[PDB]
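S.K.: Below you will find the structure I want to go over with you.
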Amino acid sequence: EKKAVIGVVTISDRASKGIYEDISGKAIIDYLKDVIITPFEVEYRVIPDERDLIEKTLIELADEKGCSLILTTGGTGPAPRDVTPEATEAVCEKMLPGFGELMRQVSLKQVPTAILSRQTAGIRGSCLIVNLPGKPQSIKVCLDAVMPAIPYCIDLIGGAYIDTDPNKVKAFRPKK
Amino acid sequence: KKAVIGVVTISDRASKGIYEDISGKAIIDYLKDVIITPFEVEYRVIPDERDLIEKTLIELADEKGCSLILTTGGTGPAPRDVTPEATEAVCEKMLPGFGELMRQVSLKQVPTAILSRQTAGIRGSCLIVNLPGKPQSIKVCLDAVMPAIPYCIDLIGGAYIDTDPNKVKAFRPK
Amino acid sequence: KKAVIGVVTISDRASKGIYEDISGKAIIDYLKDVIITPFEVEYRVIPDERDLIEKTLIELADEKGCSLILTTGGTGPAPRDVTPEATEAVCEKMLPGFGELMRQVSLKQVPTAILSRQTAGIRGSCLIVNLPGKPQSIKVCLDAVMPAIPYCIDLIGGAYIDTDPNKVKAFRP
């Protein structure tokens, strides 16, 4: 059986040179540990806002570390240096428009500027890559919104088996 | 102009063997139930081979004169699901609102609706729309987008289609 | 630094002088009504010709120094409706959330909202947003996206804009 490996990449020129506490990264890893009940390992990376480095990082995680899921945080706004979506589009062979649409929709509730987010999601081999926001409150609503479909998506692309605690988040798996 | 509607079932079972087509059935049943104007159906069941999908859509729009083509199948994240790609390839103008609405109305009952890559686009005077595969989802999606289809077809110079207002209100700013 | 907003009406009728532009005027009125900071308007009424749309958007952003450009017209399914195409052609980064929300908000009124291809993108320090036609559908879309515009402009190095919190709250994290 394939081992479940999950990538968590915090993208920020600032944090890349040092960060006392990666609140965004910690929130994401905390979430995963809480809701997931199947065995899995985390591959954490903190890199700057450099398109080529982000692409190479995602590639290393998916291709070398064998991640079935990679969650990024940061670099998805309208500013010129925010190139996480561009890097994500570049390494994936197929994008999932439903992710960005839903994440912005749930984020909009409390954040009117959620429509400025260029967060997306895509598939590279047997790995799903999802761009999350930076704010803890936004990260939470986005994960609550998309996690229910992640395990099944991973099943469909041949990734590692992941299951969640139905009491926190139920991993929807449609059957024949 | 004669109203011809294409219904294309794209199967990922061409090799495993097809024993039924409940998806195509749901679509044909829907069309017959709501459309009140005369129309014919060009039905195609093809394997999920990208070039064949594009070829089929081009034939239906260009040779068979369809004003609307409805597809089912091959719209998920799996690598073999390339219906959306084929659709983009044959269309000159895409309509993002279709995929958006279809994923939105399907979300409550289908959390995995965000995995769907269904889209919609225009090729000359023909509107092409990707539909899901589950009959229940097909009806839900068609109920959401059919209201704007007849009018969209008018705007691109396609054949006249009108539905039973007691079943589906084809909105026509007129 | 100076706040300049472009308002582009893409219509044949209006460009011929045989139709008053109720759309563009509604946009200008909206801006004058909600903005409380100093700004000027660069108004243009042009035919729906692909090349003229791109050149007008480029003139406004590059030569007139607009930090925001609002277009109206040519965003439907018809083959002549190429405002979105022209917008994509001049922007270096698109904003999918804008089209998503505008269609969302429009669905409330009419189901044909899904036929709209309105979008938005960035060119340098200028934000370009495609608005609807009816002066009424314009107010509705603007009420939905305006809250995030001033801040977007801040992030791309554009001019400072702020609105009347009693009319439209310009959200700034």
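Following the order of the structure tokens, first chain is A, next is B, and so on, with residues numbered from 1 inside each chain and ligands from 1 in the order they appear.
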Select all residues from chain B having any atom no more than 10 Å from an atom of chain C (counting only C-alpha atoms, ignoring ligands), output as a ChimeraX atom specification.
M.R.: /B:92-101,104,120-122,124-125,127,144-157,169-173
S.K.: Output C-alpha atoms of each residue in that selection to a file, as an mmCIF file, in the first residue's frame.
M.R.:
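Output below, filename selection22.cif:
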data_model
loop_
_atom_site.group_PDB
_atom_site.id
_atom_site.type_symbol
_atom_site.label_atom_id
_atom_site.label_comp_id
_atom_site.auth_asym_id
_atom_site.auth_seq_id
_atom_site.Cartn_x
_atom_site.Cartn_y
_atom_site.Cartn_z
ATOM 1 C CA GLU B 92 -14.321 29.809 -29.748
ATOM 2 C CA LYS B 93 -15.851 31.390 -26.639
ATOM 3 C CA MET B 94 -16.366 29.859 -23.195
ATOM 4 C CA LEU B 95 -19.120 30.589 -20.678
ATOM 5 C CA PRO B 96 -17.720 30.345 -17.136
ATOM 6 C CA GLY B 97 -21.143 30.947 -15.576
ATOM 7 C CA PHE B 98 -22.366 27.473 -16.519
ATOM 8 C CA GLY B 99 -19.731 25.458 -14.677
ATOM 9 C CA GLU B 100 -19.959 27.849 -11.724
ATOM 10 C CA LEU B 101 -23.721 27.474 -11.301
ATOM 11 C CA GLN B 104 -22.945 25.582 -6.856
ATOM 12 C CA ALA B 120 -19.736 25.294 -21.451
ATOM 13 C CA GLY B 121 -18.788 27.068 -24.635
ATOM 14 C CA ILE B 122 -19.807 28.220 -28.087
ATOM 15 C CA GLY B 124 -20.510 29.002 -34.196
ATOM 16 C CA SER B 125 -24.276 28.842 -33.660
ATOM 17 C CA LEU B 127 -23.932 25.895 -27.501
ATOM 18 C CA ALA B 144 -30.365 25.339 -13.169
ATOM 19 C CA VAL B 145 -28.998 26.109 -16.637
ATOM 20 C CA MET B 146 -31.843 25.296 -19.053
ATOM 21 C CA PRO B 147 -33.556 28.642 -18.143
ATOM 22 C CA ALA B 148 -30.817 30.538 -20.013
ATOM 23 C CA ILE B 149 -30.102 28.054 -22.818
ATOM 24 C CA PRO B 150 -32.867 28.912 -25.335
ATOM 25 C CA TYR B 151 -31.947 32.608 -25.145
ATOM 26 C CA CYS B 152 -28.193 31.965 -25.401
ATOM 27 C CA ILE B 153 -28.938 29.983 -28.562
ATOM 28 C CA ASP B 154 -30.970 32.923 -29.941
ATOM 29 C CA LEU B 155 -28.003 35.250 -29.352
ATOM 30 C CA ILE B 156 -25.572 33.038 -31.261
ATOM 31 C CA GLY B 157 -27.967 32.591 -34.172
ATOM 32 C CA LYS B 169 -39.059 28.865 -17.669
ATOM 33 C CA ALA B 170 -36.880 29.713 -20.674
ATOM 34 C CA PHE B 171 -36.069 33.321 -19.826
ATOM 35 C CA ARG B 172 -36.096 35.522 -22.922
ATOM 36 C CA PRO B 173 -35.529 39.275 -22.301
#
S.K.: Quick one: contact table of chain A to chain B, 8 Å max, nearest atom pair and distance in Å to one decimal per residue, counting only C-alpha atoms, chain and number order, as JSON lines?
M.R.:
{"residue": "A:94", "atom": "CA", "partner": "B:77", "partner_atom": "CA", "distance": 7.4}
{"residue": "A:96", "atom": "CA", "partner": "B:117", "partner_atom": "CA", "distance": 6.2}
{"residue": "A:97", "atom": "CA", "partner": "B:117", "partner_atom": "CA", "distance": 6.6}
{"residue": "A:98", "atom": "CA", "partner": "B:114", "partner_atom": "CA", "distance": 4.1}
{"residue": "A:99", "atom": "CA", "partner": "B:114", "partner_atom": "CA", "distance": 5.8}
{"residue": "A:101", "atom": "CA", "partner": "B:100", "partner_atom": "CA", "distance": 7.4}
{"residue": "A:102", "atom": "CA", "partner": "B:114", "partner_atom": "CA", "distance": 7.5}
{"residue": "A:123", "atom": "CA", "partner": "B:77", "partner_atom": "CA", "distance": 7.3}
{"residue": "A:146", "atom": "CA", "partner": "B:114", "partner_atom": "CA", "distance": 7.7}
{"residue": "A:148", "atom": "CA", "partner": "B:111", "partner_atom": "CA", "distance": 6.3}
{"residue": "A:149", "atom": "CA", "partner": "B:112", "partner_atom": "CA", "distance": 4.7}
{"residue": "A:152", "atom": "CA", "partner": "B:112", "partner_atom": "CA", "distance": 7.6}
{"residue": "A:153", "atom": "CA", "partner": "B:77", "partner_atom": "CA", "distance": 6.8}
{"residue": "A:156", "atom": "CA", "partner": "B:78", "partner_atom": "CA", "distance": 5.4}
{"residue": "A:157", "atom": "CA", "partner": "B:78", "partner_atom": "CA", "distance": 5.1}
{"residue": "A:172", "atom": "CA", "partner": "B:111", "partner_atom": "CA", "distance": 6.4}
{"residue": "A:173", "atom": "CA", "partner": "B:112", "partner_atom": "CA", "distance": 7.9}
S.K.: Check every residue of chain A for an atom within 9 Å of chain C, counting only C-alpha atoms, and provide those that qualify as a ChimeraX atom specification.
M.R.: /A:77-80,100-101,104-105,111-118
S.K.: May I have the residues within 10 Å of residue 164 in chain C as a ChimeraX atom specification, using only C-alpha atoms and disregarding those fewer than 3 positions away in the same chain?
M.R.: /C:33-37,167-170
S.K.: Please list as a list in words every residue within 8 Å of range 138-141 of chain B, counting only C-alpha atoms and excluding residues in the same chain fewer than 6 positions away.
M.R.: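 Once the nearby chain positions are removed, what remains is residues 23, 26, 27, 30, 102, 105, 106, 131 and 132 of chain B.
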S.K.: Restricting it to N, CA, C and O atoms, dump the selection as a CSV table (one decimal), in the first residue's frame.
M.R.:
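The resulting file, selection.csv, is shown below:
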chain,number,residue,atom,x,y,z
B,23,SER,N,-27.1,7.8,-18.1
B,23,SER,CA,-26.8,9.2,-18.2
B,23,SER,C,-27.5,9.8,-19.5
B,23,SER,O,-28.2,10.8,-19.4
B,26,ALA,N,-31.2,10.0,-19.0
B,26,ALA,CA,-31.7,11.1,-18.2
B,26,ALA,C,-31.8,12.4,-19.0
B,26,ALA,O,-32.7,13.1,-18.9
B,27,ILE,N,-30.8,12.6,-19.9
B,27,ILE,CA,-30.8,13.8,-20.7
B,27,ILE,C,-31.9,13.7,-21.8
B,27,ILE,O,-32.6,14.7,-21.9
B,30,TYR,N,-35.2,14.3,-20.1
B,30,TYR,CA,-35.3,15.7,-19.7
B,30,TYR,C,-35.7,16.6,-20.9
B,30,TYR,O,-36.7,17.3,-20.8
B,102,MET,N,-23.5,25.2,-12.0
B,102,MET,CA,-23.7,23.7,-11.9
B,102,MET,C,-23.0,23.2,-10.6
B,102,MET,O,-23.5,22.3,-9.9
B,105,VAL,N,-25.1,24.6,-7.4
B,105,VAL,CA,-26.4,23.9,-7.0
B,105,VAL,C,-26.2,22.5,-6.7
B,105,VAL,O,-27.1,21.9,-6.1
B,106,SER,N,-25.1,21.9,-7.0
B,106,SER,CA,-24.8,20.5,-6.7
B,106,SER,C,-24.1,20.2,-5.4
B,106,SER,O,-24.1,19.1,-4.8
B,131,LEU,N,-22.4,18.0,-18.8
B,131,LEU,CA,-23.3,17.7,-17.7
B,131,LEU,C,-22.6,16.6,-16.9
B,131,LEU,O,-21.7,15.9,-17.4
B,132,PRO,N,-23.0,16.4,-15.6
B,132,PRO,CA,-22.5,15.4,-14.8
B,132,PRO,C,-23.0,14.0,-15.3
B,132,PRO,O,-23.6,13.9,-16.3
S.K.: Compile the contact shell of range 67-69 of chain C as a list in words: residues with an atom at most 8 Å away, counting only C-alpha atoms, same-chain residues fewer than 3 positions apart removed.
M.R.: residues 3, 4, 5, 6, 7, 8, 57, 60, 61, 125, 126, 127, 128, 129, 153, 158 and 159 of chain C
S.K.: Based on the selection just made, write N, CA, C and O atoms of those residues as a compact mmCIF listing (two decimals), in the first residue's frame.
M.R.:
# COMPACT_ATOMS: atom_id res chain seq x y z
N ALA C 3 -5.62 60.04 -8.09
CA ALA C 3 -6.65 59.06 -8.39
C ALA C 3 -7.41 59.38 -9.67
O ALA C 3 -8.11 60.38 -9.75
N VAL C 4 -7.25 58.51 -10.67
CA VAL C 4 -7.93 58.67 -11.95
C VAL C 4 -8.66 57.37 -12.28
O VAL C 4 -8.06 56.29 -12.26
N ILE C 5 -9.95 57.48 -12.58
CA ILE C 5 -10.78 56.31 -12.90
C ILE C 5 -11.33 56.38 -14.31
O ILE C 5 -11.96 57.37 -14.69
N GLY C 6 -11.11 55.33 -15.09
CA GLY C 6 -11.63 55.31 -16.44
C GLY C 6 -12.99 54.63 -16.47
O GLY C 6 -13.22 53.68 -15.73
N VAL C 7 -13.88 55.13 -17.31
CA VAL C 7 -15.21 54.56 -17.48
C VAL C 7 -15.38 54.39 -18.98
O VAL C 7 -15.49 55.37 -19.72
N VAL C 8 -15.37 53.14 -19.44
CA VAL C 8 -15.48 52.86 -20.86
C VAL C 8 -16.78 52.20 -21.29
O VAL C 8 -17.10 51.08 -20.85
N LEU C 57 -8.21 50.77 -23.41
CA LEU C 57 -7.81 50.32 -22.08
C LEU C 57 -6.33 50.64 -21.83
O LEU C 57 -5.94 51.06 -20.74
N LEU C 60 -5.84 54.54 -21.37
CA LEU C 60 -6.29 54.93 -20.03
C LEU C 60 -5.35 54.52 -18.91
O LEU C 60 -5.03 55.32 -18.03
N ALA C 61 -4.90 53.27 -18.93
CA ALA C 61 -4.00 52.79 -17.90
C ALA C 61 -2.57 53.34 -18.03
O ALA C 61 -1.97 53.80 -17.05
N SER C 125 -0.40 49.19 -12.37
CA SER C 125 -1.07 49.62 -11.14
C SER C 125 -2.54 49.98 -11.42
O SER C 125 -3.13 50.81 -10.71
N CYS C 126 -3.11 49.36 -12.44
CA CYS C 126 -4.50 49.62 -12.81
C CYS C 126 -5.35 48.35 -12.75
O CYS C 126 -4.93 47.29 -13.19
N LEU C 127 -6.55 48.48 -12.18
CA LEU C 127 -7.48 47.35 -12.09
C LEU C 127 -8.58 47.60 -13.11
O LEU C 127 -9.14 48.69 -13.15
N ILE C 128 -8.88 46.59 -13.91
CA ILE C 128 -9.93 46.73 -14.91
C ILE C 128 -11.04 45.74 -14.58
O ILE C 128 -10.79 44.55 -14.39
N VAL C 129 -12.27 46.25 -14.50
CA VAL C 129 -13.42 45.41 -14.18
C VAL C 129 -14.51 45.57 -15.23
O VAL C 129 -14.86 46.69 -15.60
N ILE C 153 -6.41 48.09 -5.41
CA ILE C 153 -5.60 49.15 -6.00
C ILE C 153 -4.39 49.47 -5.12
O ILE C 153 -3.30 49.74 -5.63
N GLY C 158 -1.53 51.42 -6.85
CA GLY C 158 -2.34 52.47 -7.45
C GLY C 158 -2.67 53.60 -6.49
O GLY C 158 -2.26 53.59 -5.33
N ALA C 159 -3.43 54.58 -6.98
CA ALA C 159 -3.83 55.75 -6.21
C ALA C 159 -4.78 55.41 -5.07
O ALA C 159 -5.56 54.47 -5.15
S.K.: Give the helix (DSSP H, G or I) residues of range 33-167 of chain A, as assigned by DSSP on the backbone, as a PyMOL selection string.
M.R.: chain A and resi 33-35+51-64+84-91+97-108+112-116+136-156
S.K.: Could you please determine the separation between CA of residue 139 in chain A and CA of residue 24 in chain A in Å, to one decimal place?
M.R.: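 Taking CA of residue 139 in chain A as the start and CA of residue 24 in chain A as the end point, the length is 7.8 Å.
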